[PDB]
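Topology and contacts: notes
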Amino acid sequence: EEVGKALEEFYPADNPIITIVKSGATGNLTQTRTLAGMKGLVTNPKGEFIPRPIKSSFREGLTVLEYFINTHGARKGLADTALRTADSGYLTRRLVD
Amino acid sequence: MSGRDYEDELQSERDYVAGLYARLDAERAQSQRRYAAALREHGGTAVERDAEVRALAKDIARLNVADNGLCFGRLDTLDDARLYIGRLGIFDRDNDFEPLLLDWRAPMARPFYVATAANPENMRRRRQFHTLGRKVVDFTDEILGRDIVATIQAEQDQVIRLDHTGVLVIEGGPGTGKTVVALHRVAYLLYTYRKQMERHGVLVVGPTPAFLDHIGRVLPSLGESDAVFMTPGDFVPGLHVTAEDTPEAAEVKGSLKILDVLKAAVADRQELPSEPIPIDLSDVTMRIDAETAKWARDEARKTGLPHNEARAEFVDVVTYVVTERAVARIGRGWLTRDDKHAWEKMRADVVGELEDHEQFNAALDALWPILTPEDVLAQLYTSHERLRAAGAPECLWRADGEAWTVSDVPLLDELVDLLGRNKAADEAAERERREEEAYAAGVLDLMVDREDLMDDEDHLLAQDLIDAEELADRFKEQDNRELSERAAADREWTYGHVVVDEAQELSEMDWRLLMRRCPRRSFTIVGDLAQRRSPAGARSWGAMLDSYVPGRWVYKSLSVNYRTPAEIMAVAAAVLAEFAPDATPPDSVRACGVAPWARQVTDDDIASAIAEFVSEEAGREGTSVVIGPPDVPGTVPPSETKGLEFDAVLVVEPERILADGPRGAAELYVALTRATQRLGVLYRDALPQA
Amino acid sequence: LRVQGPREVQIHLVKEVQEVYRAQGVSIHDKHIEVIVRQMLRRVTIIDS
Amino acid sequence: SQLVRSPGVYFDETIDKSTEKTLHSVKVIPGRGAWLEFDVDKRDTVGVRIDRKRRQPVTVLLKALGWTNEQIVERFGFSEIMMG
Amino acid sequence: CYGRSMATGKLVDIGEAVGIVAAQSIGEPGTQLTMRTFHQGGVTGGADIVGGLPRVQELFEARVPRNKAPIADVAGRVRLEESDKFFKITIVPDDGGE
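Residues numbered from 1 in each chain as written, not as in the entry; some residues may be left out. Chains lettered and ligands numbered in written order. Part of a larger assembly, values for the part shown. Heavy atoms only, no water. Residues with missing side-chain atoms left out of burial classes, pairs and counts.

**A few points about the arrangement of the chains**
Quick note on the threshold: Throughout, a residue-residue contact means that at least one pair of heavy atoms, one from each residue, lies within 4.5 Å.
Chain D makes no contact with chain A, the minimum C-alpha separation between the two being 15 Å. There is a gap between chain C and chain D: no contact, and a shortest C-alpha distance of 29 Å.

Structure, rendered in structure tokens:
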């Protein structure tokens, strides 16, 4: 949180990476922090938090362990995005009925 | 209590707890703010959002819960290191995360459950705070430090710190502390095996739930979620027939020689016709006879299955019997089908008589009736030949059966193990489950197929990660309740531990039902044999236990008496010196007051006596009751208040009490020695041994 | 319903559904929930003909 | 290549859909042959599932191998669900 | 009574299917909502609060909420008592009685 704060402060307004965000064109400041700040905490395959955070950005480059433990929750997001559609479909069929 | 230092301490502690609740409400505020923020946008991906939510929801829930009785008690160490113990961790984020409140599950919260006076860890004092919801009412100190007292200390240390995870007996007696010791032991035991517990459950047996008021002030996680209180008369899920005591018929229906009756009591219902109940059909002839009924009753008994279980075998045998007239009309059949298919009418009459059945099925219900276990007793007590027919004596007779006592509840339970169930009731629930699963299958049939995709690259669908059954299993109401409500609503429920206070008042069938509840045989039995009220009772632990736990059950008896003076102790020891005494008086010590008194009344000044007693009790900071029978006003017998200590008690009319029931001698012996300071007995003529 | 009637319960339902869909950042005009709820309180059980 | 569960014994705790009770289990799987399972039930009764058939008790097996109650009680006996 | 159409901005027409629009508008964003955990088995996560799609299915089916709370049967004043773990509440009517 402090890093995202200091980062949206330190950045100028003529910067493109902040401009594309504050213009409403795309993106969030969470991504800008992940890129220029810190990725932060990541999930297990249970869905819990690993209390050892990723203090590295995708600018510094991530170490091997950090990348490995990010892959955990990076694979757990491809199924969720599918099961959610079946839940939505259930409720939508009910309402249309 | 009643001290100024005491209120100064109360104020300090209430201030500390108020600060704790301040920090706790602040945390809840922060957590709800972050919760709503995360729910709203959160920026990140759905997995990170779900994680953050789930975590903050957990935190909130925990705080909401912890609002009720935060601090259990201080521990004052041997180095003045105040350790407040509660049900939540509260640290100072600024002062080196210095903890302000420990969790009851923390390694340095251990000398609140496993400490003693002989083997303390590093302590000098322990407390417990009496909390209503968040305000500190009172508090009870306990010095874990300070010959003869060392003996009590060592024995209590041995009972409490014991590692058996099995049956235990604490038959200490009066004035010696069986109760607090059993409480500390349950503390030890449910803090030490809280992983194997916490989901099996707990059961508590006794008149007063005030024993379950300890598990809730040191282990709230159970006293309001897991623990289940029952009384000998509540064992069944649906009735609390407690006041309905009974005379010595109990002994008969409270001892396993009644099991026989039960079996025979069903045999007296595996009835046969008095005369052939005619088959009321046109083109057949009655084959129903004591012949066929006899054949089929024997067949059903011969598979060793409960009644409602073998109903089916009985009916099938009777159908293959009537198959006789189905095909044995004169020689055989006599229809143009009986040259190749000898069974056209065989399995058109016999496979149609389950449809042309009302007569057949209803006149069958006489010889194999579907007994709901309440009726087998209703119409076993009213009748007069059923008692002898099934083996019962005639004392058991009674007009109204539904007027249920304490000694027919375990019988009612065993009936459910002796009878069985329908096995065909849940037939529409299958229909509804199938239709829900079909609706889910259709939900998935609606969704896009991997071969009809309009995306750039193939990806995971829901049709390859979930099926109709599980997709439907999550939109169900799936109601959930706490362990107590799950258990109390069930009889086949295996608990994890069973505490039994005043254990000498349970019939052999009660212990039987209990051990049917706890196979893990983890018991914390407390009781006394000389203070038994029921006539069934035990009179011996080996009689009740060696049938279930032979040679394994441990037994410990508290030896010394300190709580009750030795004057009252000699009074009630020479009272007990009657009716097979074999007196084992625990040696009382430290009696430094006025010896009891014994007052007389002429005809009716007993009213003035009790009036003065009551009006005076609340003039000295005392607390007690007045012991008597039901007819005298203001008096409450010990058959409703036995295991309670008191400062200054009175007992009216020892004689009518002594004679109101069989074992009045013990009901008096108890009442005499329940006073720490003052005793009072009222008489008119003379005393037998007082 | 047994306390207030067939006009207040509809409103409680609409309000709760929109509470949900708002805490998550979803904007829906209530008239859709009004349709879905009108189609939930459209019948009566009789005790007197 | 194929990824597969190695032969051996695998013990899996779990939760009973209805009682929400923590229970346990055991499964013996070979490279070839039949399986052999064991369970501690929701009612604290240990049992076996020889060739994934009806759950009969466990001492049945122990006896079918030539064990006397003295042996079943010397080997076991620290427990009280197994005696039960 | 319906009103105007959000697409046209003009008052709605005669024959316009407005229930399908409602179903779609409510269901489409159903993936933006929390749900019941997707794990095969475990403990009922309803111990904590779960108030997304579960609450919505609850309401649209009109089944009995889990964290239910009683509502005033009659206006008036309140008298509050607390035993150990039990709350007692007595509403006294301002005009009526009982």
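**Details of the side chain of B:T323**
Residues and elements named next belong to chain B. Selection rule: Elements are defined by DSSP. Helices are runs of H or I of four residues or more, strands are runs of E of two residues or more, and each kind is numbered from the N terminus. Each residue is placed in one exposure class: buried if its accessible area under a 1.4 Å probe, protein chains only, is under 20% of its type's maximum, exposed if it is over 50%, and partly exposed if it falls in between. The term polar contact refers here to a pair of N or O atoms within 3.5 Å; inside protein, the definition further demands a hydrogen-donor-capable atom paired with an acceptor-capable atom, and it admits residues adjacent in sequence only when both atoms are side-chain atoms.
Topologically, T323 is positioned in helix 10 (residues 307-327). Overall, the relative accessible area of 13% leaves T323 in the buried class. Only 2.9 Å separates the side chain of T323 from the backbone oxygen of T319, close enough to count as a polar contact. Apart from residues no more than four positions distant in its own chain, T323 is found in contact with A328, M346 and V350.

**Considerations on the interface of chain B and chain A**
Here is the rule we go by: Buried area, as used here, totals the accessible surface that two parts lose on assembly, with accessibility defined by a 1.4 Å probe and the loss added over both. Salt bridge criterion: a side-chain nitrogen from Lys or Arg within 4 Å of a carboxyl oxygen from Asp or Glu. When residue character is reported, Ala, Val, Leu, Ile, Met, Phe, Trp, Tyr, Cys and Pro are called nonpolar, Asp, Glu, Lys and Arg charged, and the others, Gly included, polar.
Tallying the contact residues gives 27 residues for chain B and 22 residues for chain A. Across the chain B/chain A interface, buried area totals approximately 2,100 Å², and carbon plus sulfur atoms make up 63% of it. Area buried by chain B at its contact with chain A is led by B:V47, B:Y439 and B:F475, which between them contribute 30% of it. Joining chain B to chain A, the criterion identifies four salt bridges. A salt bridge links A:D87 to B:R474; its shortest N-O distance comes to 3.3 Å. For the pair chain B and chain A, the number of links is seven residue pairs in polar contact. Listing elements by their share of the side of chain B that touches chain A, those giving two or more residues are helix 2 (46-66) and helix 16 (428-446) of chain B. Per-element tally for the side of chain B that touches chain A: the top contributor is helix 2 of chain B, with eight residues. When grouped by side-chain class, the residues that make up the side of chain B that touches chain A number 16 nonpolar, four polar and seven charged.

**Concerning the sheet that holds strand 12 (residues 675-683) of chain B**
Residues and elements named next belong to chain B. Put simply, the rule is: Pairing between two strands requires that DSSP report at least two bridges joining them.
An order of 9-12-11-10 is seen for the four strands of this open sheet, with the pairing classed as parallel. Where the open sheet ends on each side, the last strands, each with one partner, are strand 9 (597-600) and strand 10 (626-627). One ladder, built from four bridges, connects strand 9 with strand 12; its direction is parallel. Its bridge partner lying in strand 12, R599 is registered against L682.

**Overview of a negative patch on the surface**
Note the cut-off: Any residue with relative accessible area above 30% and no salt bridge may belong to a patch, with like charges joined within 9 Å and the nonpolar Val, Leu, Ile, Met, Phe, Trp and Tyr side chains within 5 Å. Working definition of accessibility: Shrake-Rupley area with a 1.4 Å probe, residue cover restricted to the visible protein chains. When charges are counted, neither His nor the chain ends are considered; positive counts come from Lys and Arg and negative counts from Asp and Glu. Every charge is mapped to an atom, namely NZ of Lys, CZ of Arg, CG of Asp or CD of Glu.
The grouping of B:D426, B:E427, B:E430, B:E437, B:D467 and B:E470 at the surface amounts to a negative patch. The residue B:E470 is located in helix 17 (residues 468-472) in this model.

**Focus on the environment of B:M447**
When you line up the elements, B:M447 lands in the loop between helix 16 and helix 17. Distance from B:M447 to B:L461, taken between C-alpha atoms, is 8.9 Å for residues 14 residues apart in sequence. Here B:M447 is in contact with A:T85, A:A86, B:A462 and B:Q463, once residues within four sequence places are set aside.

Fair warning: the whole summary comes from geometry, so function is off the table for now.
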